[PDB]
Amino acid sequence: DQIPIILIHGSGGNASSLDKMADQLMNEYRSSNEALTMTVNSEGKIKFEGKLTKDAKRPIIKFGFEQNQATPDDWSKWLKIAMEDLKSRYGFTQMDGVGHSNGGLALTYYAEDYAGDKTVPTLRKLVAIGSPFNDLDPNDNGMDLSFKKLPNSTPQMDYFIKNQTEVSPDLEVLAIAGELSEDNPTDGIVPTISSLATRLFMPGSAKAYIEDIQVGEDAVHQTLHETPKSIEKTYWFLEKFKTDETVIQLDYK
Numbered sequence: 002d003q004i005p006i007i008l009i010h011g012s013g014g015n016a017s018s019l020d021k022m023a024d025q026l027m028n029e030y031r032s033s034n035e036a037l038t039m040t041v042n043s044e045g046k047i048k049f050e051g052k053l054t055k056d057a058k059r060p061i062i063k064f065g066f067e068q069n070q071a072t073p074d075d076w077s078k079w080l081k082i083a084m085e086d087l088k089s090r091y092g093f094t095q096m097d098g099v100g101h102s103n104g105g106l107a108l109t110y111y112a113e114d115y116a117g118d119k120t121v122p123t124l125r126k127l128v129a130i131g132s133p134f135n136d137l138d139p140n141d142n143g144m145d146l147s148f149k150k151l152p153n154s155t156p157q158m159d160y161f162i163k164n165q166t167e168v169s170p171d172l173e174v175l176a177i178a179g180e181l182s183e184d185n186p187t188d189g190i191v192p193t194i195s196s197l198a199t200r201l202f203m204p205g206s207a208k209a210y211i212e213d214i215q216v217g218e219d220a221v222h223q224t225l226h227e228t229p230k231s232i233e234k235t236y237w238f239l240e241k242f243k244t245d246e247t248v249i250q251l252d253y254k
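In structure tokens:
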């Protein structure tokens, strides 16, 4: 009945990439008291470092993909394999996840593809930080933060829309997006709208869907999972936010 929190890096990252967040949860908030590092390689290896005890509180799973530039749907498949082993070892029926960029996309595939699967933990809270739901092309995304549709949906977005019905009705989603300035709706890599495109498939599927836009030069893609606001909002969503009713909160902005 412990609910772990899985932390997943962006492309180019590793199992240490979300350590600022993890250290804050373990050392300052002290809402989590134990951690495990797990890594997976598509070659066929799964590695656990550490052991969670019976006294674990919100245990953190620092996750690493050795193939750290692969597609988010490949990541999701590899995550499933590793989550079968995690559940086998510890029995967790639910987990929360925080993913930076590609890591948030991997969680979204996991949410859509394995909600019914009793051999892995069901994703409960999903935090996606600068995740390019509709990839990187500004032409596909545009600049209208009140968007009800995208200028052009990519194949990935088409998949997310098609399979939105498969998410757990208890799923709670927080989409964090950066915008370098009000007149420059990108985080430097991802169009702000791409990172909020969850708006088009999570509301009414998930129990909760919340957006948070951070603005300014400090909201750059590469470090967006390290901003004070990102960490504060993530803590809030993981430890304070609770609902039985549907919640949808959009930033327009």
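Quick note: the sequence shown uses the authors' numbering, first residue 2, plus one each step. Idealized CB from N, CA, C, for every residue including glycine.
For the pair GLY131 and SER102, the CB atoms are nearer than the 8 Å cut-off. Rounded to the nearest whole angstrom, the CA to CA distance from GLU29 to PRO152 is 43 Å. Cβ contact annotation for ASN15 (same chain, cutoff 6 Å, sequence separation greater than five): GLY65, in chain order.
Remark: three or more beta-carbon pairs, one from each stretch, lie closer than 8 Å, so the stretch 166-177 and the stretch 200-216 are flagged as touching.
Taking the Cα positions, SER147 is about 12 Å away from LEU201. Counting along the chain, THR123 sits inside the beta strand (DSSP E) bounded by residues 123-130. Taking a contact as a CB-CB distance under 8 Å, the pair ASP252 and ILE214 counts as one, their CB atoms being some 5 Å apart.
Per the coordinates, the alpha-carbon of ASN164 lies some 21 Å from the alpha-carbon of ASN142.
Taking every protein chain shown into account, the CB of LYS55 has fewer than 16 other CB atoms within 10 angstroms, so this residue is exposed. DSSP lists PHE49, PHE64 as the beta-bridge partner residues of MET39.
Look at the beta carbons and you see the stretch 67-86 touching the stretch 104-117: at least three pairs across the two are nearer than 8 Å.
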